[PDB]
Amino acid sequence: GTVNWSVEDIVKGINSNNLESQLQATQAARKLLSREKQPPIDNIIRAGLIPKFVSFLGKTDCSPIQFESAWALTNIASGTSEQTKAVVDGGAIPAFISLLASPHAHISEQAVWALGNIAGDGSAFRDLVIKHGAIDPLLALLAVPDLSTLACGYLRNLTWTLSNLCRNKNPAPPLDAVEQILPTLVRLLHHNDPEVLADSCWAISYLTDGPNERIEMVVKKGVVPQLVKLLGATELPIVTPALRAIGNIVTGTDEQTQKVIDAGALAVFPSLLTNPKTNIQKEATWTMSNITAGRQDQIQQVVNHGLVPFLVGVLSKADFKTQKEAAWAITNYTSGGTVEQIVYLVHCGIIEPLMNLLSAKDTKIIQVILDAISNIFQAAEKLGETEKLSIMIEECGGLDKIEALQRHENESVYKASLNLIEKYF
């Protein structure tokens, strides 16, 4: 009946003075815009149908056309920034916010979805959705004693849209909006559905991707233990955002990093640092690198959890980006660590892989490795064991690589290699 309509027929039906003909044409448009391959979004926009759909959003006496138009506009807004902008320019934001309070669950859900697409466009439309007052009705939809009484898809869409309201930077979401959303976000973070948990973790990862004040806003809500628990989850879609959020948090102050440590995060890193998913290994090694840049007691907790052998493993064999994060972790370790911690690092077998990595082409990893080696040599000097370290480096073939770096294009690598050779070789 409403399958495979032409845009011309849809326009003829929508321009009729007959609400039922308009409803059927709007459903035909929804089905066109809901097809798998290249839905004709631009054709629908050029036909000038967005204002009519927006007007239909307000037909309280005809809920079917409200639903069909909300679906069509959702799918239009799911496209490029220009198509989302076309939806916004038609006045859709306040109409969808008004529909949030609809007595029909599917219409309210579709409005949630549409606002999620609009806000997901970027910071500007995110803040514009916020300015139109979406947060209060959105959160009211979740003001129930037990989230389990809500439909699974409804709750998933609400969580996803809220996560989009927490998303993007330059600027980050308004502080007042974040404070208004965070309690519901914690409650969702304690939900049992895997997709709700994944999207709540993504929202938290967005909110912790910023200055230490945002990280503090998040951590003061007491979510770090739940984040660590989810870090231990089996579902990769949950582990990925949980690990992102934990890394973000440990980029903050040493006290926030210590909050991460106290929750038991380090105990998960034996698996994370050996995870078969390359992205997980890279993110876990980056988190470790930011943890080793902390206090000597935090470096010591890293030691106690037996994670130095795992860092040596990652440095010995892993994707090059993970190996670079591991080199950064080693350099931070050596910069902030005690002489005892540095000699332990050496006893775990760091020198051979660290030297093998000096054959890479990237300059920055070379500089990082040279700085780490300088710090290790300084610790050895303090112990008066510089000759043993020099012999170790010379045996693994590292002295040859250092001499070959003396003729490098970068001035920093040049000078660092020459200084090492002049001081210790």
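From 1 onward, residues are counted along the sequence shown.
A summary of the deposited B-factors shows that, of 369-377 and 50-58, the stretch with the larger mean C-alpha value is 369-377. Stretches 158-166 and 222-230 differ in mean C-alpha B factor, with the higher average recorded for 222-230.
As recorded in the entry, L354 carries the highest CA temperature factor of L266, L182, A77, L354. Out of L32, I65, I44, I393, the entry records its largest CA B-factor for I393.
Compared with the other modelled residues of the chain, the Cα B-factor recorded for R244 ranks in the lowest third. The PDB entry assigns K317 a C-alpha temperature factor belonging to the middle third of its chain's modelled residues. When the modelled residues of the chain are ordered by C-alpha B-factor, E216 sits in the middle third. Remark: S16 belongs to the middle third of its chain, ranked by C-alpha B-factor as recorded.
In the deposited entry, the Cα temperature factor of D176 places it in the middle third of its chain's modelled residues.
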